[PDB]
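Read through the structure below, which is laid out as structure tokens, and then see the notes.
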Amino acid sequence: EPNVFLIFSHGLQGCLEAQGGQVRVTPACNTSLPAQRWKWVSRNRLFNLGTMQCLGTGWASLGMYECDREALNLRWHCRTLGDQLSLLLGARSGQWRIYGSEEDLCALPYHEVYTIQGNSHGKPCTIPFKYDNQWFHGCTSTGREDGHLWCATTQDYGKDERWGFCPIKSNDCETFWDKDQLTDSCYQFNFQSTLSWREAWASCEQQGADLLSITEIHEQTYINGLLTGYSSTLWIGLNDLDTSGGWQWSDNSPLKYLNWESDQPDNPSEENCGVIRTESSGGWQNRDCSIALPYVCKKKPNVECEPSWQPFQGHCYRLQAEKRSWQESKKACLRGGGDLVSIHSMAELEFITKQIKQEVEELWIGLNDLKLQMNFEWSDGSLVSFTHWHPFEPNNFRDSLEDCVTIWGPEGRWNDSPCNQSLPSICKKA
């Protein structure tokens, strides 16, 4: 019902129809009628709800045939379909569009829907498929008692007995999820499935979810945690993929907590997607995004300033041209009754970079990991709600221990560097 649509011709002023094995175009289009209702399916086949059959011709013997029929041509490219109909039917501006909205017929293609459990290793729903000589164009609950929506991963479940569960967008977390009662976070460890990162990213999105994000040390300890006793290597949605940026979370979460393996990450150019390993007791490694590994999903239900200080929104900001270590830079802020600058918004980053930093190369900012290594916090106890690393940053967490963060160049993105280094700094108080 969501991605089912009606084909329409302006040149012929009528929608496509199917009757038995013959195709007619009728000017009076009613969405109520299923014989006029179509949807895209696998193998570039076009599926009809009313007839529960596919459109095809012969290698101009056009009509409607069973999808299983291999000897005919049942394949259609949406981008040419409009042009083809005009040829085989004569719709002699004269273009073919979706009935409701003037959208191309490629507006709602068939998305591979990835399974979750079952003897099928996450393999996508084969649509259509045949159980007990009945054609299905989606997931059905018939053949179960628990009522859970399931589908097959082959042309014939009677012959192959290959099945899987269906993804369900929801705001509860039951049967398919474990729940952390401290944070209302629901996690899903798909040990058996084997999908790419891009494929896995999809399978999570399909469930009103996304790939894992470990934003706090508590999350890692909890997960460490649920992995206990098991053997696997799982995708986590830690990517290097933003060409113009460093590491980030697939859910645009702030990268404040790290748990890389000792000699990791190596090959940040070829291996752009991160994984969690049980063997390292929760440690992170980066691998090739093309490889097929299990994955983990995560979802959550439901001013007048001082004289030398320029203002932005709630707070006042000032530049210290004097060069110092990170720590001695923070002290000079205290002497001013403020702390090292803290950034919580992109707007705040632009101002600080455009108005305050100006044409100075590098600057210390409030971010560090001195309290606990690998866990970054702002100096003024502010929440880390924003992360804007430069490409392949951060990288100095295992080499320096006392790892501190700087703004670098015009763009305003960040490098991490030992607090050894002497640079200018920016202060912020209200």
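If you use the entry's author numbering, the sequence shown corresponds to residues 40 to 98, 105 to 137, 155 to 364, 380 to 507, in order. We put the CB at the ideal spot given by N, CA and C, even for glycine.
Here the alpha carbon of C93 sits roughly 6 Å from the alpha carbon of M109. Looking at the backbone, the Cα of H280 and that of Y319 are separated by about 10 Å.
Annotated three-state conformation of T125 is helix, per DSSP. DSSP, read as helix, strand or coil, puts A136 in coil. Nearest to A354 by alpha-carbon distance, out of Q58, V62, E56, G184, is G184.
Contact annotation: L273 and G307 have beta-carbon atoms that are not nearer than 8 Å. For the 8 Å CB-CB criterion, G50 and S131 form a contact. Contact between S275 and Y357 does not hold, since their C-beta atoms are separated by about 13 Å, which reaches or exceeds 8 Å. Inter-segment contact for the stretch 335-353 and the stretch 310-324 is present: three or more beta-carbon pairs are separated by less than 8 Å. In the displayed model, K434 falls within a helix according to three-state DSSP.
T237 is not a Cβ neighbour of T215, given a cutoff of 8 Å. For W77 and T177, the gap between their C-alpha atoms comes out near 24 Å. Check the Cα spacing between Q254 and each of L296, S456, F428: the tightest is with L296.
Ranked by Cα distance from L126, the options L72, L167, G156, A136 are led by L167. Taken through DSSP and simplified to helix, strand or coil, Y176 comes out as strand. In the displayed model, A507 falls within coil according to three-state DSSP, outside both helix and strand. Counting the other Cβ atoms within 10 Å of the Cβ of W455 gives 16 or more, which makes it buried. Taking C-beta separations shorter than 8 Å and ignoring five residues to either side along the sequence, the partners of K448 in its chain run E454, following chain order. The stretch 256-264 and the stretch 394-407 do not touch, with fewer than three beta-carbon pairs separated by less than 8 Å. Assigned with DSSP and collapsed to three states, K185 falls in coil, not helix or strand. Straight-line measurement puts the Cα of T70 at about 25 Å from the Cα of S203. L417 and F389 have their C-alpha atoms roughly 15 Å apart. Residue nearest to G226 within the set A507, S477, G205 is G205 (criterion: CA-CA distance). In the DSSP assignment, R84 forms a beta bridge with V80, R120. Contact between the stretch 186-201 and the stretch 238-245 is absent, with fewer than three C-beta pairs closer than 8 Å. Between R114 and the set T96, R124, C123, the nearest pair of CA atoms involves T96.
In this chain, the alpha helix (DSSP H) harbouring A264 covers 259-267.
Residues of the same chain with a CB within less than 7 Å of the CB of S385, apart from the 5 flanking positions on each side, are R395 in chain order. Beta-bridge partners assigned by DSSP to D493: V482.
Residue range 335-339 is occupied by the beta strand (DSSP E) that includes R339. Spanning the alpha carbons of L55 and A74 requires a straight line of approximately 9 Å. Under the three-pair Cβ rule at 8 Å, the stretch 396-411 does not count as touching the stretch 328-339. About 7 Å separates the CB atoms of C235 and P363; that is less than 8 Å, so the two are in contact.
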